[PDB]
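Note that we place each Cβ from the backbone using ideal geometry, even for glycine, and neighbour counts take in every protein chain shown. Coordinate-derived values only; no laboratory data.
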Amino acid sequence: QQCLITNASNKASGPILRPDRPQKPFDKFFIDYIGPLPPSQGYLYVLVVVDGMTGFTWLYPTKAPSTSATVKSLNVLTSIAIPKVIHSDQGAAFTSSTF
DNA sequence: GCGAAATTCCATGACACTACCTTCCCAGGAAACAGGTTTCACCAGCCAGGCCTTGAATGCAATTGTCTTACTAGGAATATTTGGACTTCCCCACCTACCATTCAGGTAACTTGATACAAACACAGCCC
């Protein structure tokens, strides 16, 4: 067990999966902060909410990727309509028990 | 010819300079703190009477402010003379960076120990 946890596999994973598109908009949002960018107006982080139906991006810049900076960023966007599913990454701000 | 065994094959992944940074979690405990209740005693607020200190008015005395003159020394310019700070070049010892080893201290605990505070009665010093 000194040689099992250092050598890496020479066996690639198989074919990638293409999951199907949803059949309506407002079904899957794919959200991920970008940044730290170069600063402007006291902003560094930009929430990016892509619709999984189309590609229709939504931008909601914030000061710092906290939980509450995301929550008010979607209250603008939940004013439009309500999604069923929101995908993300396992972010520092999304995995919080508050969010 | 099947199976067992000895061998060659080939598709692939990771190495490329790396740590911080942010936000949320966890956590245990604790930090007190912010919050709040409770009660007793005390310090602050209240008001007036008497006296002393301050303010003012003053007269005057010397203190101080101005004027004037003879002058001493300061400053500047000089030459020079002299006294040194820093730039320079080089080497060694000393500080550091390191690991291993160990000792000492801080926390911590249980005990002990000792002193200060709170209370009471009296004494002495100073003042009215």
For this session: Report the trypsin sites (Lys or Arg not before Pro) located in segment A:59-99 that are in a DSSP loop and have at most 14 other Cβ atoms inside 10 Å of their Cβ, or state none.
Result: A:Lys63, A:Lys84
Exercise. Mean projection of the alpha-carbon convex hull of chain A over all orientations, in nm²?
Worked result: 10.5
Exercise. Among A:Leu47, A:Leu37, A:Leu77, whose mean-square fluctuation peaks in a Gaussian network model of chain A (Cα, cutoff 10 Å)?
Worked result: A:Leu37
Exercise. How large is Rg over Rh for segment A:41-99, taking Rg from the Cα atoms and Rh as the Kirkwood inverse mean of 1/r across Cα pairs?
Worked result: 0.94
Exercise. In whole percent, what relative contact order does segment A:9-86 give with Cα contacts below 8 Å and a gap of six or more residues?
Worked result: 30
Problem set entry | In Hz, Karplus ³J(HN,Hα) per residue of segment A:10-19 (6.51, -1.76, 1.60; θ = phi - 60°; x = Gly, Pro) | 9, 10, 5, 6, x, x, 6, 9, 9, x
Problem set entry | Nonlocal amide H pairs with A:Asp32, under 5 Å, H built at 1.01 Å | A:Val48
Exercise. Pairs of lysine in chain A with Cα under 26 Å and at least 8 positions apart or on different chains: total?
Worked result: 7
Exercise. How would you classify segment A:1-59 from its alpha-carbon gyration tensor, with a ≥ b ≥ c the square roots of the eigenvalues: rounded for a/c under 1.5, else prolate if a/b is greater than b/c, otherwise oblate?
Worked result: oblate
